[PDB]
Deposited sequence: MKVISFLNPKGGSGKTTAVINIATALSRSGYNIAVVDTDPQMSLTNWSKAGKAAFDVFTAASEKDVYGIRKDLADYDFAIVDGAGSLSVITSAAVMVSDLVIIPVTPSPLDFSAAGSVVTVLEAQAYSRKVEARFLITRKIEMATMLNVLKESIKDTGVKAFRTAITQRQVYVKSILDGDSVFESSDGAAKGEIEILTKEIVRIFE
């Protein structure tokens, strides 16, 4: 049983979307996935109602739900947590019961300062350090800032995944329909997502 948590208070960094597709990716790899929607808006939960996610969804009404994750979904292979868009007791709660903490971040001109807040909490873990990665979400080939973000990431002392999720239309249209990119035909999207999943899987050795 391994708990993975996508955390980042600054809403708009692609938490949900990355979670939806990555969980869907892992499911196709034979892993019994379980996702926890810790966001008040219940975005991933309202989505899960549309169709039928390739994984199970749980809505963490409060912190109590997150803390118990290790005991509630202990039968699952992975417990992918969908962080909320605010620095609540949950933001830190996720870090505690997690084995890997992904930090979704999109290249913007003024908003990489919403992301370090998580990196600080990652330190609060003295023999109890939890693995962490930097996920580059919503990528556009505007060479310039992709580099600014890329560099400011190392100032944290946290390595970022080799691959990044580009800004494609399928990622938005997938949600509208009620499913993921794996239900479409955008091989370009499926590609990067899979290559990203394996990278996450390669972590647990």
Practice problem: List in ascending order the stretches of the deposited sequence, numbered from 1, that lack C-alpha coordinates. | Solution: 127
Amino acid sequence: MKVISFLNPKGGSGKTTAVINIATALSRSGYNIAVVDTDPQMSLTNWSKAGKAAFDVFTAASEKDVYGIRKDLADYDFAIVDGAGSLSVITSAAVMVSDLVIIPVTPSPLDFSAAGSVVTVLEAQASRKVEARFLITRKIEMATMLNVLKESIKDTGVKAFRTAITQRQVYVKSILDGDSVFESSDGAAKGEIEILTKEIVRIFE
From here on, numbers count along this sequence of modelled residues.
Quiz item: Quick one: is residue 63 left out in at least a third of the other entries we compared?
Solution: no
Quiz item: Is residue 142 unbuilt in at least a third of the other PDB entries compared?
Solution: yes
Quiz item: What stretch has the higher average Cα B-factor here, 145-153 or 161-169?
Solution: 145-153
Exercise. Read off the CA B-factors in the entry, average them over 42-50 and over 60-68, and name the higher stretch.
Key: 60-68
Quiz item: In the PDB entry, which of 103, 100, 81, 122 has its C-alpha at the highest B-factor?
Solution: 122
Quiz item: What third of its chain's C-alpha B-factors does residue 77 belong to: lowest, middle or highest?
Solution: lowest
